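Okay, so here's just one chain, in structure tokens, the form deposited in one PDB entry.
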């Protein structure tokens, strides 16, 4: 099909297997610390590249580009909030998780509160959140990229992709995945930078982009279907806030208070609390190296704006009648959906803007991002299931058995994702991305609050945490069931949900659910038994450095002050740069 693209992807696979087998020769497998924690032998650059590579994915490319096309810049906030919470992790949550010596976050709640129902319920919630908000993202986005760019078939494609990533995460463990995440982050950044350069050159540069976007509206607005007719001149034209990152608090998608607060909550979960990112930060050689990896991942998390959001706007510039279409039949003829065809921004940029060798390179960038994210999810899920369930159910099992347990759990989660693929194919346009951020906002905030109080409030107890979690779950479902039931649609076909339900954006609901769950924990804790202090040494941010003995209701973080000053300084510098970029883009 392509002479040079074949060799470029071959060299990509070559580097992949090379770093993989280099780590095999260096893996030191046979212990859970090896397979689930890389033996805690990871340094700054692989930790940072692993965080970035696992978080970045096909979902980021397709979603950020399509949203930039349809709406405008604002969606970049999703990425940039990470730059703060990641630091919170590296400086607040990772030290505790290190000085507690846990392999999972449910394990941390198991040995910080005490009991078998918190660990169980949180592991189950984490698994479901991974199936809904993470694997569906990447499967959907690889599906779109293949359906447009290549378009030979979509089931076979993503099934093969999951097969290769299954083999990858089975063989690897944390060491392989973090070294090959160095090489994959290199690949992703290089390719995406080249494509950004080409797009800026074709539009005429930053200035050429900021000039032509608000006039990037489609011309075909008839809708021969008599129901819609002459379209509002409001939903086929770009928003006048397309160039702004802080939209209106009420009459604007992604309102700024929602952005800041709600993403801080959901992202405190997404980084500081969930097993994927923390487990990237548990395989660290030391604490200082983990902080270095956090600053690196943050600096890279300032990147996906210019590499995914602005290219989507460029797509709307060059192909407005095809990505910015509104008319149901037109968009259906262009993509197959009748909701806007915004997702085709990045794939059509790649297909119509770059030559053969760079066609291969872009396919490799997409492949690397999807593989790294799925490998992260599968290994972290292996960690969670193996440790929590298999220990609560078979507390005396050899590591030659636990390795087997995790290895097979990878196969099972792959089969589950293949089974759930059609339920993901039933979403249209941006609907999936909305749905997933909504799921997170409904189900994350209680977990977020529980971890905040676990690390920062000694008082809370088993009743505290369990009842906050259950109350948060019921409150979240109260809104998720009806809202998801009524359906979804665009200006052409808007679903008839009540305004008091749909009118409150899911991030404001995340704030309210956060506060309800936190208040409920504090309430039902302050009117029940407390937990003594002897149980909480090296389990709360107050007692990090305690050397005294713990009661174990069921370390040695000494960073040299010099490198500590260095990593502190450049972390603060990273935040200064991120805050600048927030200001520059409104």
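Here, rigid core means the biggest group of C-alpha atoms that superpose within 1.5 Å across both forms. Numbering follows the first chain given and starts at 1.
Compared with other entries of the same protein, residue 546 falls outside the group left without coordinates by a third of them; all model it where both flanks are modelled. Compared with other entries of the same protein, residue 61 falls outside the group left without coordinates by a third of them; all model it where both flanks are modelled.
Gap between residue 554 and residue 555: 10 or more deposited residues without coordinates.
Omitted here: the form deposited in another entry. The next part is about that form.
Superposing the two forms on their core leaves just one of 148, 428, 264, 242 with a Cα displacement of at least 2 Å between the shown form and the other one, namely 428.
Remark: with the core as the superposition reference, the CA shift of residue 515 between the shown form and the other one stays below 2 Å.
With the core held fixed between the shown form and the other one, residue 397 has its Cα displaced by at least 2 Å. Put the two forms on the same core and the Cα of residue 382 is off by 2 Å or more between the shown form and the other one.
In contrast to the form presented, in the other entry the C-alpha positions of residue 119 and residue 171 spread farther apart by 3 Å or more. In contrast to the form presented, in the other entry the C-alpha positions of residue 426 and residue 236 draw closer by 3 Å or more.
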